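[1] Pasting an experimental structure, sequence included:
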Amino acid sequence: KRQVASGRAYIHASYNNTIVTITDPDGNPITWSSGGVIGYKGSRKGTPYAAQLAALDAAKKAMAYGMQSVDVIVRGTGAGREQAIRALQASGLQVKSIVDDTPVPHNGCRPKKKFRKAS
Amino acid sequence: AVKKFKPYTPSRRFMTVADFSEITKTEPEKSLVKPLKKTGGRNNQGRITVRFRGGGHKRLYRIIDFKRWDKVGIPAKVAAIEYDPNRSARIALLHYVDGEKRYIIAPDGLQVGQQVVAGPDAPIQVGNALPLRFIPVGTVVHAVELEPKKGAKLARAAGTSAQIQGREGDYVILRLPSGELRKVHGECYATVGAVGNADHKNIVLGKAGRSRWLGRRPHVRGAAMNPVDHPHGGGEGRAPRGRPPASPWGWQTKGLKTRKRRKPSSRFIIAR
Amino acid sequence: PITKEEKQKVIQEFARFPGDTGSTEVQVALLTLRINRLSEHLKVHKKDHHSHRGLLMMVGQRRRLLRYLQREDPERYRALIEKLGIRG
RNA sequence: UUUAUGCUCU
RNA sequence: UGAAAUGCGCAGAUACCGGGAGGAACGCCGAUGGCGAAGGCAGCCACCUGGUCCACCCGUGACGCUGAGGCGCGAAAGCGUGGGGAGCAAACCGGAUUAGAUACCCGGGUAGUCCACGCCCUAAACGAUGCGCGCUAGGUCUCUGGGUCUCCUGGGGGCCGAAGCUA
RNA sequence: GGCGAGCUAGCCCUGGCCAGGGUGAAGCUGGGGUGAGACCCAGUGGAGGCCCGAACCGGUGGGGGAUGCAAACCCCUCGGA
Ligand SMILES: [Mg+2]
Ligand SMILES: [Mg+2]
Ligand SMILES: [Mg+2]
Ligand SMILES: [Mg+2]
Ligand SMILES: [Mg+2]
Ligand SMILES: [Mg+2]
Ligand SMILES: [Mg+2]
Ligand SMILES: [Mg+2]
Ligand SMILES: [Mg+2]
Ligand SMILES: [Mg+2]
Ligand SMILES: [Mg+2]
Ligand SMILES: [Mg+2]
Ligand SMILES: [Mg+2]
Ligand SMILES: [Mg+2]
Ligand SMILES: [Mg+2]
Ligand SMILES: [Mg+2]
Ligand SMILES: [Mg+2]
Ligand SMILES: [Mg+2]
Ligand SMILES: [Mg+2]
Ligand SMILES: [Mg+2]
Ligand SMILES: [Mg+2]
Ligand SMILES: [Mg+2]
Ligand SMILES: [Mg+2]
Ligand SMILES: [Mg+2]
Ligand SMILES: [Mg+2]
Ligand SMILES: [Mg+2]
Ligand SMILES: [Mg+2]
Ligand SMILES: [Mg+2]
Ligand SMILES: [Mg+2]
Ligand SMILES: [Mg+2]
Ligand SMILES: [Mg+2]
Ligand SMILES: [Mg+2]
Ligand SMILES: [Mg+2]
Ligand SMILES: [Mg+2]
Ligand SMILES: [Mg+2]
Ligand SMILES: [Mg+2]
Ligand SMILES: [Mg+2]
Ligand SMILES: [Mg+2]
Ligand SMILES: [Mg+2]
Ligand SMILES: [Mg+2]
Ligand SMILES: [Mg+2]
Ligand SMILES: [Mg+2]
Ligand SMILES: [Mg+2]
Ligand SMILES: [Mg+2]
Ligand SMILES: [Mg+2]
Ligand SMILES: [Mg+2]
Ligand SMILES: [Mg+2]
Ligand SMILES: [Mg+2]
Ligand SMILES: [Mg+2]
Ligand SMILES: [Mg+2]
Ligand SMILES: [Mg+2]
Ligand SMILES: [Mg+2]
Ligand SMILES: [Mg+2]
Ligand SMILES: [Mg+2]
Ligand SMILES: [Mg+2]
Ligand SMILES: [Mg+2]
Ligand SMILES: [Mg+2]
Ligand SMILES: [Mg+2]
Ligand SMILES: [Mg+2]
Ligand SMILES: [Mg+2]
Ligand SMILES: [Mg+2]
Ligand SMILES: [Mg+2]
Ligand SMILES: [Mg+2]
Ligand SMILES: [Mg+2]
Ligand SMILES: [Mg+2]
Ligand SMILES: [Mg+2]
Ligand SMILES: [Mg+2]
Ligand SMILES: [Mg+2]
């Protein structure tokens, strides 16, 4: 519903997938993509190559509405991070910055049995 | 606390009575500000319109003060805490500097001999009444008005209260004792504190007669009736409901909602 | 807490002689002060068991002394107790 | 990320 | 997830932003550290309060040690009455796996986990080492006091070790 | 369409009634007990859809009655009190 030059890019990187949403300066998503949108199912999406393919389909759709610059923001470990960060830069979109905002509790909620292991 | 009894008769074994230590020189009530004679009647003009009522101890009605803006600014001393048979809460007789006497529903904490006051002024401590709009968000409160100048209606039951949750226009957002989130007008008076006598919920009538004293006559199950009388009557040796459980008058009684749909009030609600 | 002059007051009042800063009674009396303090603290904070432990220790100690004193001088035993209000 | 089992006495 | 499937989603999900509600646990500091008799104790603040150590050598003058009974405390789970319930999660349901899978893995999920009060009295409640006192080489690391502050001295916490002990 | 709650059922207002004996809750006081308690023991006390039993309210079993004394009675027995 608009064309904005300055923007913001978000990288959600989980063990199972990588998804990138590109927002306006305000945070409202302009367009998004992920490993599955590329064309993969199952665990293929948790791949770094799937992340690359993804982050490009993101940027490409962004430039459609006229996207030039972004302030890339990554959240979460995973094989998507770097390859997804790299991919962005290597096509249009100049990366004005690279922030890491992966959320972490100061010991909040008890985690699932799977992510607790030690004591 | 709550009084218990050694089982020197059955029923006395489970019977439990209210603790009346909180009650200051009650016994004789305050003939002036109340009481009035209370017309004890179980039906309307002619016919029974609420089943299973009647009998039970005679009562004098203590005419309590459910609108305090009546005397803005005028402080008053709490003279006594009294027993009131017409409610679960206790009442507090208070003498105004005016020389005017009135009863209030005694809040939890409210000590005998302390000062009380109501108005936009009014320190935010227990016993004081204020238009909702002037009460710090997050405080618990009781005896709230639902519309300005119409008198307290909400949170008056022993142990009950309401929390001011936020503000929105000329309205503030309360969480009613039911758990319902409701908007009430800011001009509506409330009074800080919970109601008190909160152990109330923990008494055990103990015997059939105890229920008779409170004016509750035996309640009979539709299951024990005949088809003439109730959806659940008849059978021939006990019986499941054999249909969706119903009231004597036919409507379902397990789930079926009853609040009128299109109701002006609906626009000011948001919970259970 | 028991302040300095607050405990000094007691030290002097029980001292067997100007200069006595730890005789049998000055100790007994001293303990008695803390004990009565804690005893009133625990009445309020009752789920505070750790602190109650010490109480038992202070109480036990006090007893040992008084038993010694009532062994060496059955006179200033009555005297000490009476003046402190103990042994119930 | 698919396995479990091995008769009796020497 | 091993890979998946159940599950959620075009009734607008995930990802992103702003607002609000609510409960529980306190990241970095943090240690192989500290405190407590033990169980055990970890954001910050204040109040109430126990133990403990050091310096001074001032006071009592053996007033000690241990301790069958007794009394108190006692993790987790569990129980009663109220409340509270976000995440988690016995039981239970479903998806997978397998010959079967009442398990292991996945998606749901109720007691419970939380608070008040009252019970229960267990444990690898472990240093698998009862408490007190004296005596018998040192080396090094550390916490915390006092010192005439390279070193000395006191109380703790670790490692290596004289003599000796030990299958 | 009217007449009925002067029988009976429930409820509302105002009054009245329940011999005598038994059991002995809490609380209180005192004593012991403790660091303080819980608590224990006495005495006091006089609770209860508590006990025995008249009035009173009932109607359990049996007998009698059966064109009755009586269109629901009488005797013995029994329930609550
Ligand atoms: Mg995946
Ligand atoms: Mg964030
Ligand atoms: Mg009518
Ligand atoms: Mg009328
Ligand atoms: Mg009429
Ligand atoms: Mg109830
Ligand atoms: Mg019934
Ligand atoms: Mg029938
Ligand atoms: Mg009919
Ligand atoms: Mg019918
Ligand atoms: Mg039926
Ligand atoms: Mg049948
Ligand atoms: Mg076999
Ligand atoms: Mg073999
Ligand atoms: Mg075989
Ligand atoms: Mg053989
Ligand atoms: Mg869909
Ligand atoms: Mg589907
Ligand atoms: Mg649509
Ligand atoms: Mg959000
Ligand atoms: Mg230690
Ligand atoms: Mg431990
Ligand atoms: Mg201290
Ligand atoms: Mg000396
Ligand atoms: Mg001497
Ligand atoms: Mg023995
Ligand atoms: Mg106990
Ligand atoms: Mg325990
Ligand atoms: Mg527990
Ligand atoms: Mg519980
Ligand atoms: Mg519960
Ligand atoms: Mg299963
Ligand atoms: Mg299956
Ligand atoms: Mg098969
Ligand atoms: Mg296996
Ligand atoms: Mg699970
Ligand atoms: Mg779950
Ligand atoms: Mg159970
Ligand atoms: Mg034991
Ligand atoms: Mg342990
Ligand atoms: Mg062994
Ligand atoms: Mg040892
Ligand atoms: Mg021992
Ligand atoms: Mg030290
Ligand atoms: Mg130093
Ligand atoms: Mg050492
Ligand atoms: Mg060694
Ligand atoms: Mg050797
Ligand atoms: Mg008619
Ligand atoms: Mg009549
Ligand atoms: Mg008479
Ligand atoms: Mg009598
Ligand atoms: Mg007494
Ligand atoms: Mg006494
Ligand atoms: Mg008597
Ligand atoms: Mg008595
Ligand atoms: Mg009776
Ligand atoms: Mg009887
Ligand atoms: Mg009898
Ligand atoms: Mg009788
Ligand atoms: Mg008889
Ligand atoms: Mg008969
Ligand atoms: Mg009959
Ligand atoms: Mg008969
Ligand atoms: Mg007959
Ligand atoms: Mg006959
Ligand atoms: Mg005949
Ligand atoms: Mg009789």
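    All right, it came through fine. Residues are numbered from 1 along each chain as shown, chains lettered A, B, ... in the order given. Ligands and ions are numbered 1, 2, ... in the order given.

[2] Which residue does chain C have closest to ligand 1?
    Nearest residue of chain C to ligand 1 (Cβ to the ion) works out as residue C:47 at 50.7 Å. In this view, the C-beta of every residue, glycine as well, is placed from N, C-alpha and C.

[3] if I look at that residue, how far off is residue C:40?
    Per Cβ to Cβ, to the nearest Å, residue C:47 is found 16 Å from residue C:40.

[4] So the two - more neighbours on which side?
    More crowded of residue C:47 and residue C:40, by other Cβ atoms under 10 Å in any protein chain shown: residue C:40, with 9 against 6.

[5] how about the helices in chain A?
    Along chain A, the stretches classed as helices by DSSP state H are A:35-38, A:48-64, A:81-89.

[6] Which of those helices sits closest to ligand 1?
    Evaluated over those, closeness to ligand 1 peaks at helix A:35-38, with 7.1 Å, by Cβ to the ion.

[7] Do any residues in that closest one lie close to ligand 1?
    No - legend: contact between helix A:35-38 and ligand 1 by Cβ under 5 Å from the ion is lacking; minimum distance shown is 7.1 Å.

[8] Tell me the bridge partners for residue B:174.
    Beta-bridge pairing for residue B:174 (DSSP bridges): residue B:164, residue B:182.

[9] So residue C:55, which state does it fall into?
    helix (DSSP: H, G, I helix; E, B strand; the rest coil).

[10] how much space between the residue nearest to it when sequence neighbours are not counted and ligand 3?
    By the measure of Cβ to Cβ, 6 or more residues apart in numbering or on different chains, the closest residue to residue C:55 outside its immediate chain neighbours is residue C:38, 5.0 Å from it. Per Cβ to the ion, to the nearest Å, residue C:38 is found 71 Å from ligand 3.

[11] can I assume residue C:38 is in contact with residue C:56?
    No - contact criterion Cβ atoms under 8 Å: residue C:38 and residue C:56 do not qualify, at 10.2 Å.

[12] if you count what's nearby, which of those two comes out ahead?
    residue C:38 (18 against 9).

[13] The helices of chain A: which one's closest to ligand 7?
    Using Cβ to the ion, the nearest of the helices of chain A to ligand 7 is helix A:35-38, at 60.8 Å.

[14] so where does the residue in the stretch 1-150 of chain B that ligand 11 sits nearest to fall, helix or strand?
    As assessed by Cβ to the ion, ligand 11 sits closest to residue B:51 within the stretch 1-150 of chain B, at 19.6 Å. In the assignment (DSSP states H and E), residue B:51 maps to no helix and no strand.

[15] and it, how many neighbours does it have?
    10.

[16] Relative to RNA strand E, tell me which of the helices of chain A wins on proximity.
    Comparing the helices of chain A against RNA strand E with Cβ to the nearest atom of the strand, the closest turns out to be helix A:35-38 (8.1 Å).

[17] Next, the buried residues of that closest one.
    Applying a neighbour-count criterion of 16 or more other Cβ atoms under 10 Å in any protein chain shown, one finds A:35, A:37-38 buried in helix A:35-38.

[18] Contact partners for residue A:57?
    A:33, A:37-38 (Cβ atoms under 8 Å, 6 or more residues apart in numbering or on different chains).

[19] Then residue B:159?
    By Cβ under 8 Å, 6+ apart, the contact list for residue B:159 reads B:88, B:108, B:194-201.

[20] Just the buried subset of those residues, written out for PyMOL, thanks.
    Per 16+ other Cβ under 10 Å, the buried members of those correspond to this PyMOL selection:
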select buried, chain B and resi 88+108+194+195+196+197+198+200
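
[21] I'd like the contacts of residue B:159 laid out as a markdown table, including secondary structure and distance to RNA strand F.
    What follows is the contacts of residue B:159, written out as a markdown table (DSSP: H, G, I helix; E, B strand; the rest coil; distance: Cβ to the nearest atom of the strand, whole Å):
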| residue | secondary structure | distance to RNA strand F |
| --- | --- | --- |
| B:88 | coil | 20 |
| B:108 | coil | 25 |
| B:194 | coil | 29 |
| B:195 | coil | 27 |
| B:196 | coil | 24 |
| B:197 | coil | 20 |
| B:198 | helix | 23 |
| B:199 | helix | 17 |
| B:200 | helix | 20 |
| B:201 | helix | 21 |
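
[22] Using PDB, list the CA coordinates for stretch B:168-177.
    C-alpha atoms of stretch B:168-177 as PDB (Å, rounded to 0.1, in the frame of the first residue of the first chain):
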ATOM      1  CA  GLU B 168     -10.300   5.000  29.400                       C
ATOM      2  CA  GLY B 169     -12.200   8.200  28.900                       C
ATOM      3  CA  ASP B 170     -14.600   9.200  31.600                       C
ATOM      4  CA  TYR B 171     -14.600   5.500  32.500                       C
ATOM      5  CA  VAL B 172     -12.200   3.300  34.500                       C
ATOM      6  CA  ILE B 173     -11.800  -0.400  34.100                       C
ATOM      7  CA  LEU B 174     -12.700  -2.600  37.100                       C
ATOM      8  CA  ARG B 175     -12.300  -6.300  37.700                       C
ATOM      9  CA  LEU B 176     -15.500  -7.300  39.400                       C
ATOM     10  CA  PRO B 177     -15.600 -10.000  42.100                       C
END
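
[23] how far does it sit from the chain's center?
    Chain-centre distance of stretch B:168-177: 20 Å, with Cα atoms, centre = their mean, to the nearest Å.

[24] Same check on stretch C:63-81?
    13 Å.

[25] Next: stretch A:93-101.
    Distance, centroid of stretch A:93-101 to centroid of chain: 11 Å (Cα atoms, centre = their mean).

[26] how long is it end to end?
    20 Å (Cα to Cα, to the nearest Å).

[27] Please apply the same query to stretch B:260-272.
    Terminal-residue distance, stretch B:260-272 (Cα to Cα): 15 Å.

[28] what do you get for stretch B:112-129?
    Stretch B:112-129 has its terminal residues 17 Å apart, counting by Cα to Cα.

[29] Name the residue of chain A that lies nearest to RNA strand E.
    residue A:42 (1.6 Å).

[30] For ligand 3, see how far away that residue is.
    73 Å.

[31] And for residue B:201?
    Taking Cβ to the ion, one finds residue B:201 at 36 Å from ligand 3.
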